[PDB]
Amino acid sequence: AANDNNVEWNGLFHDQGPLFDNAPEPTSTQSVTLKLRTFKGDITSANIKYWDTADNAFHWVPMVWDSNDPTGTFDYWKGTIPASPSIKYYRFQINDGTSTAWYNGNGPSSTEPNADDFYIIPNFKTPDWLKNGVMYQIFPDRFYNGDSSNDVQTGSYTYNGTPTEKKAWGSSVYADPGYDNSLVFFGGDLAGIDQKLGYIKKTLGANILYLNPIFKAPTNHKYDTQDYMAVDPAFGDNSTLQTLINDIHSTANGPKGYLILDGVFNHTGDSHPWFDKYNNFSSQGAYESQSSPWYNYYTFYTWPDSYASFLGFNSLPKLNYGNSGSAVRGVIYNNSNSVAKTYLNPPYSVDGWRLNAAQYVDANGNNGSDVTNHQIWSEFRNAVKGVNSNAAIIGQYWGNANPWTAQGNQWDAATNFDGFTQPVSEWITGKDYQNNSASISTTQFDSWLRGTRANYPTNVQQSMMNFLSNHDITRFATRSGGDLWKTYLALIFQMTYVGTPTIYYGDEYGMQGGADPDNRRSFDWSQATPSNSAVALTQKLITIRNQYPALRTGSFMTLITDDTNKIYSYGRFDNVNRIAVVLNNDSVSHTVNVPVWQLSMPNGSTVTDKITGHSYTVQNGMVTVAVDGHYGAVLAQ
């Protein structure tokens, strides 16, 4: 490269990883110094062009030459953006003589982009344990029956005109004739989860647990809350919860863990004392008397049998959050003994909340996705962070969650359906997460992944809940048609991508299952050992990610997108480690020349595939490795 009226795109690069941004999570007064990489001597000038919400205008900040990388192949230019609490967006204008190129969240462009700019959100920090950990989601009733005395028995109670049923372990999740799918209980409880912490934290290595609802409710999924202040008797009691949390936080049964609970705050069950539709409790619920102490907690259109609810589900009356200072905002997150604060405070001290139906939370029965909804989550974040600045907040959302994250005042991240689950599914299994046929090439996969990452600030990207499957969609192994290797590949990608790897109980061994409720089968424990090849791989991959900070908070650079041979390679790197991941999708084995020079891996240095143990030597900026179909190598140094 040289000063020849031409900017060479191949040498350009910038993202907010350690080597290019000294303040990825800036405080309200923090200056942000950035570095732009280019081929050595390729440009004549560079500017950071940023939009400031403070004064509704663009601002140009020149860059100055800073240095060359260890291989002497690139230049590093640096610039500093003035500090202030205002949100800012930036892109780069790179010039060489009369030639100009632009660069933003989606890479290089010949024309100045109008979107996908990078983010600078002052005073927005997500928990670092979330960025660096591995999550394991458990649907309580289906994991492990640690206490048989609390098991819900068949016919114990009837709800919606149907009795409950107890199911034998390993039998179909579908209710037998006469029962309802939502009232089927296998017996899984909190004692069981505690007893299997060694399997989760030691055998596998995950250190973050995310549990579906566990508070008093009549259903087996428990999203129809009856009492937020107590564990459902079938799962145990509050003391059992205190012990489980203590055991999760313990280091005696594996590494220190973290607990994230499911917060169902958009609505309650119709059997909740506040509502009490079936007249089961003393007090006069909102449904029973217009003179109820909790009448304002809900929204009726025609009292008492016509009220706002979750998507028309009668058993799910919608909570009216009213305006700031309301009684509902008090019981949920403003009061000293609010639900959110209660569990974040001792003797519980949980580590976070997953926000159920977070997009609908509103006042007066509104559908959410509006100013009020965003205002409520702003107050919620302020409260939660006040109690514990390291308490996680992850909202449920299926599309682009930018509105609840990019403002830096609401959620730390979201259920990554749009930026992880869907693309991963369509690339590997060739189905959408609902199991309808839908496929994408490797280049489209890389593009999808980058475009969605660009929807979020860097810390949010690193905090996204990335799961292959969950309780509302079909199982990955079912979408894969039982092809376990597809799970192998998915795991390798997952454990090396941006965002929190999240294992939905069972996926580690290849558990199958169709749509709800078949996606909530009882866990087959005879499969929980290295004998299951997927379990053995999972254990190894978690150890690798726990080992390299670069895989959790390092930069991400696309290296190879080959649709002919189905090869996808990308680098994850920071100031210490450089990692080139090489994946092979749906094709026979291939020998790949990995361009590690793009990662500045020096010629003559050695790299080691952390999966196989094979070592290689960098020659002429390359590493030549063989990767079989539906597998991958993790070349690191």
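A residue's number is simply how far along the shown sequence it sits, counting from 1.
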| property | result |
| --- | --- |
| Residue stretch of maximal mean CA temperature factor, 529-537 vs 286-294 | 286-294 |
| Higher-B stretch (mean Cα B-factor, as the entry records it), 80-88 or 489-497 | 80-88 |
| Of the residues 395, 506, 549, 368, the one carrying the largest Cα B-factor as recorded | 368 |
| Among 220, 153, 266, 326 - the residue whose C-alpha B-factor is largest in the record | 153 |
| CA B-factor placement of residue 620, once the chain's modelled residues are sorted into thirds | highest |
| Among modelled residues of the same chain, the CA temperature factor third for residue 561 | middle |
| Assigned third (lowest, middle, highest) for the C-alpha B factor of residue 10 | highest |
| CA B-factor placement of residue 180, once the chain's modelled residues are sorted into thirds | highest |
| Relative C-alpha B-factor of residue 597, binned into the chain's lowest, middle or highest third | middle |
